[PDB]
Amino acid sequence: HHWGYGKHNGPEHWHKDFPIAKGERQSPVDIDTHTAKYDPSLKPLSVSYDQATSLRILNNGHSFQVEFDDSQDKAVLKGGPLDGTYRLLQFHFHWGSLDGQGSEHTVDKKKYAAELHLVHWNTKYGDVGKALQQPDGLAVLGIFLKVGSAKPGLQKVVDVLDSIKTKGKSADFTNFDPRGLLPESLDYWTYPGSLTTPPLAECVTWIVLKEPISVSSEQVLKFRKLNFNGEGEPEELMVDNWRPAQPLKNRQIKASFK
Ligand SMILES: NS(=O)(=O)c1c(F)c(F)c(SCCO)c(F)c1NC1CCCCCCC1
Ligand SMILES: [Zn+2]
């Protein structure tokens, strides 16, 4: 609607329209690495992206999102903390105005320049809209971005952003391989949480990778040239589209490693 990221419509306002914003399993959170307990019962994640079919990229006025065909079992996530199979629906990012900010999760209070979310839904619920109504409906793979060397697998995304500068713009984006956005290691933390944007539904198993990816200053600059506004309204750069850390409450963050 009118929710967004500014002073008058940002995260501190969302609770008026979405009261679960003050719920018991909200995301993101700070990852206290000394308190997260290694769980030797967790499994390696299985990330099977070999058959992914990207379709389109879209400026939705909050972020940009790369969508996939999830009408069968092509790109799927399973294992780790998950039971059953989760299909990849879309990925999007959160980023800052300055490199010292932009991530939603934090690690010992450290903020990363950006955070990538690969959003998957549990096939036992048949469609994403049903899955949003279930505590185990979605699995989101979160990957930190730091600024350093370019990520070559990101360049195709960055090069299309000028064709989707404003809200409501989209572009075919076929043949994109999300495998090129992953770091080497799949070591992760996991905890039960929520969407980080309205409706803030408490339906997500979070899987946050420990190893960040590096992206170049030029790449992240291109994110920051996007607009929150649509073609013809005052220009508002799309930056600082992150929700800060929420109370952990009665949750445990588990580590897959160490
Ligand atoms: N971080 S996240 O996964 O919760 C998320 C955002 F933070 C976003 F800012 C966005 S962009 C605008 C939301 O409509 C997003 F699509 C998602 N993805 C989902 C939320 C919207 C509901 C539709 C389908 C689930 C994906
Ligand atoms: Zn997100």
Side-chain angles (χ1 to χ4, degrees), residues 3-5 10-11 27-28 47 49 52 54-68 75 77 88-107 110-120 138-171 173 176-183 193-198 204 206-209 211-228 236-245:
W3 72 263
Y5 291 96
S27 293
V47 183
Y49 287 168
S54 66
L55 289 176
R56 249 218 334 192
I57 188 169
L58 172 73
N59 181 338
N60 59 37
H62 303 292
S63 190
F64 68 89
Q65 80 186 34
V66 172
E67 298 166 353
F68 295 78
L77 183 67
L88 176 65
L89 174 65
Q90 51 106 322
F91 69 76
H92 63 274
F93 298 82
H94 305 265
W95 62 92
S97 54
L98 306 171
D99 299 347
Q101 68 200 64
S103 68
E104 294 203 312
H105 293 90
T106 57
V107 178
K110 177 185 174 75
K111 286 176 171 73
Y112 290 85
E115 186 173 331
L116 164 59
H117 290 160
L118 294 125
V119 180
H120 313 74
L138 296 183
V140 184
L141 182 56
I143 302 176
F144 297 118
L145 276 63
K146 64 182 195 178
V147 174
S149 68
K151 192 65 157 174
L154 186 61
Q155 193 64 27
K156 284 171 186 317
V157 168
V158 156
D159 274 338
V160 76
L161 296 184
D162 67 322
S163 73
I164 57 159
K165 183 173 162 177
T166 51
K167 179 176 168 199
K169 300 194 87 210
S170 64
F173 202 66
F176 179 81
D177 186 349
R179 291 179 294 192
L181 294 177
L182 306 175
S194 75
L195 303 178
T196 69
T197 54
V204 180
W206 276 97
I207 301 166
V208 177
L209 297 190
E211 185 177 352
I213 62 168
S214 301
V215 300
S216 65
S217 63
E218 293 84 2
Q219 292 179 315
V220 77
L221 282 167
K222 286 182 151 103
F223 287 12
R224 294 182 185 138
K225 290 183 77 189
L226 292 165
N227 290 181
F228 288 128
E236 289 175 6
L237 295 180
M238 184 180 276
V239 294
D240 293 321
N241 54 352
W242 51 276
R243 188 187 193 193

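As a basis for the values below, the full set of heavy atoms in this structure was taken, side chains included, without hydrogen atoms, waters or symmetry mates. In what follows, residues are counted from 1 in the order of the sequence shown.
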Practice task
Mind running side chain to side chain contact (heavy atoms under 4.5 Å, CB included) on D162 and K225 for me, showing each step along the way?
Solution key: CA-CA 8 Å; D162 67 322; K225 290 183 77 189; over 6 Å; no
Problem - side chain to side chain contact (heavy atoms under 4.5 Å, CB included) between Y5 and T197, worked out - result: CA-CA 10 Å; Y5 291 96; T197 54; 3.2 Å; yes
Exercise for the section: Please lay out, stage by stage, how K222 and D159 fare under the test side chain to side chain contact (heavy atoms under 4.5 Å, CB included). Expected result: CA-CA 8 Å; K222 286 182 151 103; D159 274 338; 4.1 Å; yes
Exercise for the section: List the steps, then state whether side chain to side chain contact (heavy atoms under 4.5 Å, CB included) holds for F173 with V157. Expected result: CA-CA 8 Å; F173 202 66; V157 168; 3.8 Å; yes
Exercise for the section: Start with the C-alpha gap between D240 and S97, add the side-chain angles, then the distance that decides, and say whether side-chain hydrogen bond (donor to acceptor under 3.5 Å, both in side chains) holds. Expected result: CA-CA 6 Å; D240 293 321; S97 54; 2.7 Å; yes
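Annotation: the span from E236 atom CD to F228 atom CZ amounts to 8.0 Å, rounded to 0.5 Å. Atom CD of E211 sits about 10.0 Å away from atom CD1 of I143, to the nearest 0.5 Å. Summarising the geometry, atom CZ belonging to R224 is positioned 13.0 Å from atom CG belonging to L161; distances are rounded to the nearest 0.5 Å. Atom-to-atom distance recorded for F176:CZ and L55:CG is 13.0 Å, nearest 0.5 angstrom. Separation of atoms OG (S216) and CG (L154) is listed at 8.0 Å; rounding is to 0.5 Å. A distance of 7.5 Å separates CG of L116 from CG of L141, quoted to the nearest 0.5 Å.
Checking side-chain atoms of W206 against main-chain N and O of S194 turns up a donor-acceptor pair under 3.5 Å. Remark: the backbone N or O of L118 is paired with a side-chain donor or acceptor of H120 at under 3.5 angstrom. Between the side chain of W95 and the backbone N or O of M238, at least one donor-acceptor pair lies under 3.5 Å. Within the 3.5 Å criterion, the main-chain N or O of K111 finds no donor-acceptor partner in the side chain of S103. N241 places a side-chain N or O within donor-acceptor distance of the main-chain N or O of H62, the cut-off being under 3.5 Å. When atom types are taken as modelled, the side chain of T166 and the backbone of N227 share no donor-acceptor pair closer than 3.5 angstrom. A donor-acceptor pair is defined here as one N or O able to donate and one able to accept, closer than 3.5 Å; such a pair exists between the side chain of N59 and the backbone of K165. With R243 contributing its side chain and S27 its backbone, the two residues share a donor-acceptor pair below 3.5 Å. Without hydrogens or angle criteria, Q155 side chain to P152 main chain gives no donor-acceptor distance under 3.5 Å.
Heavy atoms only, all atoms of each residue included: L58 and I164 are closest at C-CD1, 4.0 Å. Here the closest non-hydrogen pair linking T196 and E104 is OG1-OE1, 2.6 Å. For the pair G102 and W242, the tightest heavy-atom approach, listed with the atom from each and the gap, is O-CB, 3.4 Å. When all heavy atoms are compared, the tightest approach of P183 to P212 is CB-O, 4.1 Å. The two residues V147 and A113 have their closest heavy-atom pair at CG2-CB, 3.8 Å.
The side-chain heavy atoms of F223 and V158, taken from C-beta on, include a pair separated by under 4.5 Å. A 4.5 Å side-chain heavy-atom check between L195 and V204 finds at least one atom pair inside the cut-off. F144 has its side chain within reach of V208: a pair of non-hydrogen atoms, C-beta onward, lies under 4.5 Å apart.
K151 NZ: more than 12 foreign heavy atoms inside a 6.0 Å radius. Around the NZ atom of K169, the shell of radius 6.0 Å holds more than 12 heavy atoms that belong to other residues, nucleotides or ligands.
Paired with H94 under the rule side chain to side chain donor-acceptor pair (under 3.5 Å), one option of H105, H117, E115 passes, and it is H117.
Ring-plane geometry between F91 and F68 is classed as tilted, the angle between the planes lying from 30 to 60 degrees on a 0 to 90 degree scale.
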